[PDB]
Enquirer: 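Below you'll find the structure I mean.
For the numbers below, each heavy atom of this structure counts, side chains included, while hydrogens, waters and symmetry mates do not. Along the sequence shown, residues are numbered consecutively beginning with 1.
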Amino acid sequence: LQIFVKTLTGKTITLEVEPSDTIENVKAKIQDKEXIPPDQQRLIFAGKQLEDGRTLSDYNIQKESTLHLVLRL
């Protein structure tokens with residue numbers, strides 16, 4: 001299952017995930033690609049900010065869905 005993540009600076013990060021992954025698991029993939037501690041990340045999907053104990057399938061995040069990464073570093 002592939003999803004995209006866009007950052008305020010511009011660029012896309014593409015992630016390999018699983019439908020039952022937690023948002024915490026998705027932050028840990030972004031931490032692997034970008035060096036950013038999970039507590040400094042917010043992920044927004046279609047307007048709505050994602051909570052770390054919920055899963056992608058909880059929010060109906062499907063293949064080719066786009067998440068927006070917002071930082072407070």
Side-chain angles (χ1 to χ4, degrees):
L1 188 53
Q2 195 171 288
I3 63 171
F4 308 99
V5 184
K6 302 293 296 201
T7 76
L8 167 133
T9 54
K11 84 101 142 289
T12 319
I13 135 171
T14 293
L15 253 29
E16 244 302 297
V17 302
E18 308 167 63
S20 311
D21 268 333
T22 56
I23 301 315
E24 197 72 65
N25 279 5
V26 174
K27 293 189 185 179
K29 286 156 195 299
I30 297 168
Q31 171 174 204
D32 273 3
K33 294 219 170 158
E34 314 293 309
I36 302 168
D39 45 306
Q40 300 183 188
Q41 294 173 37
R42 258 38 168 186
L43 297 170
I44 316 307
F45 173 58
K48 299 161 271 81
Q49 179 174 324
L50 308 187
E51 291 187 319
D52 295 6
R54 297 252 136 202
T55 64
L56 294 181
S57 34
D58 277 342
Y59 294 105
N60 206 214
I61 295 164
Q62 307 166 56
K63 64 181 172 152
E64 306 163 8
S65 284
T66 293
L67 301 189
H68 298 264
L69 176 49
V70 322
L71 292 331
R72 207 193 159 192
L73 314 165

Enquirer: Is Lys27 reaching over with its side chain to a backbone N or O of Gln41, donor-acceptor style, under 3.5 angstrom?
Expert: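 Indeed, once roles are kept as given, a pair shorter than 3.5 Å links the two residues.
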Enquirer: Minimum heavy-atom separation for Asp58 and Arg54, please, with both atom names.
Expert: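 The answer is OD2-CA, 3.5 Å.
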Enquirer: Tell me which one of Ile13, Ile36, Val70, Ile30 satisfies side chain to side chain contact (heavy atoms under 4.5 Å, CB included) with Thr7.
Expert: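 The option that passes is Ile13.
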Enquirer: Does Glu51 CD have over 12 foreign heavy atoms under 6.0 Å away?
Expert: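 No - once you tally the heavy atoms of other residues, nucleotides and ligands closer than 6.0 Å, there are 12 at most.
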Enquirer: Looking at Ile61, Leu43, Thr55, which one forms a side chain to side chain contact (heavy atoms under 4.5 Å, CB included) with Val26?
Expert: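 Single pass found, and it is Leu43.
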Enquirer: Would you compute the distance between atom CZ of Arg72 and atom CD of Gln40 and round it to the nearest 0.5 angstrom?
Expert: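 Answer rounded to 0.5 Å: 10.0 Å.
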Enquirer: Quick check for you: to the nearest 0.5 Å, what is the distance between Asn60 atom CG and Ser65 atom OG?
Expert: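 That separation rounds to 7.5 Å.
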Enquirer: Measure the shortest side-chain to side-chain distance between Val5 and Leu15 over non-hydrogen atoms and say whether it is less than 4.5 angstrom.
Expert: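 They are in side-chain contact.
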Enquirer: Is a donor on one side and an acceptor on the other found under 3.5 Å between the side chain of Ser57 and the backbone of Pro19?
Expert: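 Yes, the answer is positive, given that a donor and an acceptor are paired below the 3.5 Å cut-off.
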Enquirer: Looking only at heavy atoms, what is the nearest atom pair of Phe45 and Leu67, with distance?
Expert: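 Smallest interatomic distance, heavy atoms only, reads CB-CD2, 3.6 Å.
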Enquirer: Work out which heavy atom in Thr12 is nearest to a heavy atom in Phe4; give both atom names and the distance.
Expert: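 For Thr12 versus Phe4, the nearest heavy atoms are CG2-CB, 3.6 Å.
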Enquirer: So which atom in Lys29 and which in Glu16 form the shortest heavy-atom distance, rounded to 0.1 Å?
Expert: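 Scanning both residues, the minimum pair turns out to be NZ-O, 3.1 Å.
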Enquirer: Quick one: closest heavy-atom pair of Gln31 and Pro37, and the distance?
Expert: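 What the structure gives for the nearest pair is OE1-CA, 4.3 Å.
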Enquirer: Would you please test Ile3 and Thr14 for side-chain contact (heavy atoms from CB on, under 4.5 Å) and show each step?
Expert: CA-CA 6 Å; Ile3 63 171; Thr14 293; over 6 Å; no
Enquirer: Just how far is it from atom NZ of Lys6 to atom CG of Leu69, taken to the nearest 0.5 Å?
Expert: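 Answer for the NZ-CG pair, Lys6 versus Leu69, is 12.0 Å.
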Enquirer: Is it true that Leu73 and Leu8 fall in one hydrophobic cluster, defined by side-chain heavy atoms closer than 4.5 Å?
Expert: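 Shared cluster, no.
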Enquirer: Taking everything shown except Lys63 itself, do over 12 heavy atoms lie less than 6.0 Å from its NZ?
Expert: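 Not more than 12 within 6.0 Å, no.
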Enquirer: List the atom of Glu18, the atom of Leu1, and the distance in Å for their closest heavy-atom pair.
Expert: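 Closest heavy-atom pair between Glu18 and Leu1: C-CD2, 4.2 Å.
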